[PDB]
Amino acid sequence: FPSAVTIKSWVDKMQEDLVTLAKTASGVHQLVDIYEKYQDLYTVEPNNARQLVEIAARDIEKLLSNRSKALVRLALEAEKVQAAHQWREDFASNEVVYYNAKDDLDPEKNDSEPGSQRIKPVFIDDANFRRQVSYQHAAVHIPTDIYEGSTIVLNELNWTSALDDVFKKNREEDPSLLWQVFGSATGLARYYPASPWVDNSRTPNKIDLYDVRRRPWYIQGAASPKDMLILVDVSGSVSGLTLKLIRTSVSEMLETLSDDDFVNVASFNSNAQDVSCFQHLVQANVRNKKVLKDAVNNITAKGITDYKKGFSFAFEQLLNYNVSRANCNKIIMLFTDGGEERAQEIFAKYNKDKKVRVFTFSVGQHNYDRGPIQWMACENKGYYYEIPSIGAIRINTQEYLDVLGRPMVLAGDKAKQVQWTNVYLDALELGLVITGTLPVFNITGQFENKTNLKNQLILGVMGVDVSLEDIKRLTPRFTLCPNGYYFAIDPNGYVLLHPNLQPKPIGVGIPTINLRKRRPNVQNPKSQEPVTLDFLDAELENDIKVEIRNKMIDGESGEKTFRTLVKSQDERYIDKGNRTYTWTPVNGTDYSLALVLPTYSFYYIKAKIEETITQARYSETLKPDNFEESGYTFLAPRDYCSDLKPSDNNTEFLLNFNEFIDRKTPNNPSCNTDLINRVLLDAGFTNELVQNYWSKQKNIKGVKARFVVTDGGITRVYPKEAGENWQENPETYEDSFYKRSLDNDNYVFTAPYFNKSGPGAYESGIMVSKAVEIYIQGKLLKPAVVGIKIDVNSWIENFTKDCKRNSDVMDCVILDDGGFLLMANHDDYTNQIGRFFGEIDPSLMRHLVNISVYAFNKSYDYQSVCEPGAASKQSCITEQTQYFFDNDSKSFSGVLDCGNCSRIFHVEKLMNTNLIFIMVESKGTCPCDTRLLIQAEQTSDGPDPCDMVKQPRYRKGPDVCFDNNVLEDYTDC
Amino acid sequence: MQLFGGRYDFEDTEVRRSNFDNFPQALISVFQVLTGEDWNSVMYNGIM
Ligand SMILES: *[C@@H]1O[C@H](CO)[C@@H](O[C@@H]2O[C@H](CO)[C@@H](O[C@@H]3O[C@H](CO)[C@@H](O)[C@H](O)[C@H]3NC(C)=O)[C@H](O)[C@H]2NC(C)=O)[C@H](O)[C@H]1NC(C)=O
Ligand SMILES: *[C@@H]1O[C@H](CO)[C@@H](O[C@@H]2O[C@H](CO)[C@@H](O[C@@H]3O[C@H](CO)[C@@H](O)[C@H](O)[C@@H]3O)[C@H](O)[C@H]2NC(C)=O)[C@H](O)[C@H]1NC(C)=O
Ligand SMILES: *[C@@H]1O[C@H](CO)[C@@H](O[C@@H]2O[C@H](CO)[C@@H](O[C@@H]3O[C@H](CO)[C@@H](O)[C@H](O)[C@@H]3O)[C@H](O)[C@H]2NC(C)=O)[C@H](O)[C@H]1NC(C)=O
Ligand SMILES: *[C@@H]1O[C@H](CO)[C@@H](O[C@@H]2O[C@H](CO)[C@@H](O)[C@H](O)[C@H]2NC(C)=O)[C@H](O)[C@H]1NC(C)=O
Ligand SMILES: *[C@@H]1O[C@H](CO)[C@@H](O[C@@H]2O[C@H](CO)[C@@H](O)[C@H](O)[C@H]2NC(C)=O)[C@H](O)[C@H]1NC(C)=O
Ligand SMILES: *[C@@H]1O[C@H](CO)[C@@H](O[C@@H]2O[C@H](CO)[C@@H](O)[C@H](O)[C@H]2NC(C)=O)[C@H](O)[C@H]1NC(C)=O
Ligand SMILES: *[C@@H]1O[C@H](CO)[C@@H](O)[C@H](O)[C@H]1NC(C)=O
Ligand SMILES: *[C@@H]1O[C@H](CO)[C@@H](O)[C@H](O)[C@H]1NC(C)=O
Ligand SMILES: *[C@@H]1O[C@H](CO)[C@@H](O)[C@H](O)[C@H]1NC(C)=O
Ligand SMILES: *[C@@H]1O[C@H](CO)[C@@H](O)[C@H](O)[C@H]1NC(C)=O
Ligand SMILES: *[C@@H]1O[C@H](CO)[C@@H](O)[C@H](O)[C@H]1NC(C)=O
Ligand SMILES: *[C@@H]1O[C@H](CO)[C@@H](O)[C@H](O)[C@H]1NC(C)=O
Ligand SMILES: [Ca+2]
Ligand SMILES: [Ca+2]
């Protein structure tokens, strides 16, 4: 075996050759010099991490206050208009004129429904609405199973019409408003502007299941956070249809709970016990609700009924106070059929003060006595419901919120506070939005106090949508580093704004489907859950990030600098870099805003170009006519002006940009001059580099293509023949190699992908990049990243010319930090370049991760596409693994044994590069193989959710809530 | 009532009115079998 001195000499020669190749081909020092040669076309401006967050927080607060102003107007006008409603009964004389959505657009429909007159809108297209909308009137959505033309419905359409004027006034005051909707307690929904419903009734094979009463914003604004305990009867007599209906009803009731509510499901048959592994109230987020649903769809009916034991168990669980709780609305929901014992002594013993509401449900068709459960219902300030079939479940499992809102109504003007929901997906296909809610009270005879009977219920909820794109426009990122970003958090740990939050729904568990019980024409529901992603689930969890998150949850402002592990844009690498977190609270709301800025990013380049001819020359520079001369150019689709729009097509976007800058003057009366000036300056600098340096040596032996990517959005690949091989995002802020090069302080090798269609193995080459570092006045700046694509074959010749071609004695390979193969020694691994080393040599890879030359760690991705198994595409959790170097040590030596074998290895690390050199005896020396070490997205279901509830994350629930009012009547059941 | 009493706990939504859940319904079912009208459905329910 060759000794250490020989291998040090060999790897030193290889690293020197590669470093010289990259340095003298890319031209890092040339770009550095031309950046430092001018120092007059731009100025270096600080990025104050404190002022920026204050400015952004104030802008967000002002936007949300603006949105809340349009809510109080709607609420007051609706209350005033409804107070003076007449309630007629004969509508066939004076029809009701309204535009019913989810109706056909044919003028020849000839509806002629008695009591209603239709409207045919014009439906111009619109922006900020990726639909066609009409601003003249408001649309009305009525659920499919609710008949329009009822006396109840026709009266709502009669008085709610008065809201269109307020809708239009709200729009004309602020033209950036999204949907404004009134959700009625009768199932109606009147929203503005008018737009056809996404899913009409039965023109296709599909139907819609949209009741406004079950939407997250309505449920949030209709009552306060709950402490629910579902008590299920699993005695013998519920066997049959009533057990199946009980299971479905419990699932539907769970569907109405949010993250501020705490729930647990228990069952009783001569003995009370929990249905799952929780044993107390839990947060009722997506995962815990999924666990409860799974446990509920497993209960069987056997035994003798005993209400006293069940109610004792439920009350004791409601009296815990050892755990996190909403601590507002302690309620018990009993799912039974009928009995004979009312258990007066239990209610006297446990809630003689009536601090707990008891809602009772009679499920199924049966002959058992229902009097006792009605008495249980409307003795303890509750209500009584009957669920005889499946069609009754949806409407009966949601009406308990009418009772819970009575104290909120009796509170008066104290309860008219604006609340903002979690991030969810808009029902009209607008993206991720949040809604601000405000309840509307019924005040008839308020000045005379006549009835006050139906005045204890709310009329409905007003809502205003704010898209996450609206908030992101107030946190600009193009003066920051590609590694810098904003993110905002709830007083629940959930991210309002984060780079890793995606429009996909949050996945839970593993998606299991049965294709053999799937009728083709049934229109099954898709999803209704909100996109709640915790802050610790959006980045890598750390012991300091938890402290920072806890500190910014409870309304505190501070700053922090620490070392952290940064996952790359594509989940294949992990980098260690300094980051600074600056956070402040948003005053008006409960959100908290933080700005993540690395070092080397406290100063940015602000262009000071003022010569029109130079601007014109820089502009004509990035013209497609001379892509042969100055290199193929890409442009980042940023919002330079409101007229030209990005279009996911870089050639025609560049054409539009060129004609836009050349046709009208770059004075830009309504466009962003800073972005345009930066783009022009960077284009000029990159072209100067290309013409002066890259063009001199048109052909280089080992170099396939040379690229430069700069801040501003200019990318240049010198050989036009290499342009169509460039598969990187035109936006420089989304290029993984760019950010990796920014973090590291040396040359970075990016292994090509494997099993991907297109030229990526030999016709593209290996990519090496380095970040350009300039010094203007002793301040760090990393504006651009240069690099080259090196020939695979030329590198092979460099390598072979012991370590000999197709050697049957020794294996010599090169890996990057991440275990991806970049250079083999036998031409069988070489063909499968770009694979994880554990896919081809699992034993050595496992030993390497064991000797602590490779460090690895795992994370969960809660927004992934998953293929359903047997037990199109669905959403689930995938576990991601990334490998990275651990110590600074360079040389490691040892022997690994697998079944009385002996393979000697000696890994060596290349200086000033993220590569590593490994030599080992051939796999044919010892035919041993335990199992492959997979590095890929693996479909998963963890973590275990009923071990997190024992030590849950820090949380801060709402502090103001309304329950237990003396004036409440509670004589209804 | 002794044989098929409370044993019609079928999970499906389909309704079977002729059962033996209480004395009047058992009398009606026995009388219906006696007249012979549609007694095969009663037999099938008892078998299942
Ligand atoms: C591994 O491959 C490399 C490229 O694929 C080869 O690198 C070439 O080595 C030549 C010999 O040293 C260099 O020539 C030198 O170039 C510099 C400036 O370019 C001149 O100042 C030197 O005078 C000149 N050498 C002489 C003797 O005149 C090539 O420049 C260099 N290629 C590049 C792109 O830089 C390696 O040679 C090869 N490894 C081995 C072991 O051969
Ligand atoms: C609900 O529907 C009813 C009936 O369609 C609306 O009531 C109608 O309101 C209009 C205008 O307010 C009334 O017209 C008025 O007629 C009198 C003569 O009686 C005239 O002096 C006025 O100048 C005006 O033209 C109309 O008579 C009235 N209909 C009835 C039957 O009284 C009602 O406005 C609708 N609700 C809302 C909130 O719009
Ligand atoms: C808001 O509260 C008021 C009063 O609490 C409600 O008004 C009342 O509405 C009911 C209908 O549910 C009216 O009853 C009807 O009366 C007519 C005769 O006028 C009768 O023929 C009907 O069969 C029915 O009994 C009641 O008269 C009416 N009271 C007053 C003072 O107007 C109102 O409905 C509530 N708003 C909503 C949206 O529910
Ligand atoms: C949770 O509630 C239980 C109620 O039993 C508490 O447990 C008791 O705590 C007292 C406090 O001095 C002890 O004297 C008892 O011996 C405890 N009983 C049992 C069965 O352990 C408990 O303290 C509460 N808090 C926690 C964190 O468990
Ligand atoms: C609104 O937010 C601003 C943040 O800029 C708060 O202003 C600071 O508040 C702290 C705490 O009272 C003071 O120590 C600082 O001196 C304030 N800064 C300035 C520039 O005045 C402000 O207090 C918040 N509003 C309210 C009502 O608390
Ligand atoms: C991410 O990887 C890091 C590797 O540094 C893990 O942190 C190490 O965890 C082990 C096990 O407790 C400790 O012995 C090391 O001291 C830790 N390193 C440092 C620098 O503190 C971390 O646990 C991984 N994260 C996850 C979620 O697996
Ligand atoms: C909020 O409204 C005020 C008043 O019209 C306006 O000056 C301000 O620009 C608005 N803010 C936003 C973020 O639209
Ligand atoms: C991170 O900061 C520490 C201390 O400020 C410094 O020693 C280290 O070099 C920094 N990391 C990089 C990559 O510069
Ligand atoms: C994936 O790559 C492997 C090489 O290990 C090859 O055998 C297989 O055919 C490839 N499959 C696809 C779909 O590209
Ligand atoms: C692999 O790691 C485990 C974990 O400590 C260690 O006990 C074991 O000895 C390691 N294997 C070898 C061959 O050293
Ligand atoms: C690198 O790994 C060796 C073991 O191979 C260990 O002794 C050394 O401490 C590590 N270097 C560090 C932690 O800097
Ligand atoms: C390792 O030991 C086992 C049992 O002693 C033996 O069967 C096997 O052949 C040995 N390995 C080799 C390569 O001979
Ligand atoms: Ca029973
Ligand atoms: Ca017959």
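Chain A is numbered as in Swiss-Prot; shown residues: 29-619, 621-830, 843-912, 973-1074, in order.
So this one's electron microscopy, 3.0 Å, going by the header.
The backbone N, Cα and C atoms fix where each Cβ goes, and this holds for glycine too.
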Listed residues A:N326, A:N827, A:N988, with the one flagged N-linked glycosylation site by Swiss-Prot: A:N326
Correct range for motif 'MIDAS-like motif' (source Swiss-Prot, candidates A:241-245, A:261-265, A:441-445): A:261-265
Which candidate, of A:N94, A:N470, A:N898, A:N1001, Swiss-Prot gives the annotation N-linked glycosylation site: A:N94
Per Swiss-Prot, the candidate from A:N606, A:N615 carrying the annotation N-linked glycosylation site: A:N615
Assigned element (helix, strand, coil) containing A:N784 (N-linked glycosylation site), judged by DSSP: coil
Sequence-remote partners of the motif 'MIDAS-like motif' (A:261-265) [C-beta within less than 8 Å, at least six residues beyond its ends]: 271, 274, 295-298, 327-334, 338, 362-365, 394, 396
A:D261 (divalent metal cation binding site) versus A:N94 (N-linked glycosylation site) - Cα distance in angstrom: 49
Sparsest-packed of the listed recorded positions (A:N94, A:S265) - C-beta count within 10 angstroms: A:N94
DSSP state at A:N94 (N-linked glycosylation site), helix/strand/coil: helix
Summary of DSSP states over the domain 'Cache' (A:448-539), given as helix, strand and coil counts: 8 helix, 32 strand, 52 coil
Contacting recorded positions for ligand 10, chosen from A:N94, A:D261, A:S265, A:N326, A:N350, A:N891 when the Cβ sits under 6 angstroms of any of its atoms: A:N891
Spatially closest candidate among A:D261, A:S263, A:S265, the listed binding-site residues, to A:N350 (N-linked glycosylation site) (Cα to Cα): A:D261
Nearest-integer angstrom distance between the alpha carbons (Cα) of A:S263 (divalent metal cation binding site) and A:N891 (N-linked glycosylation site): 55
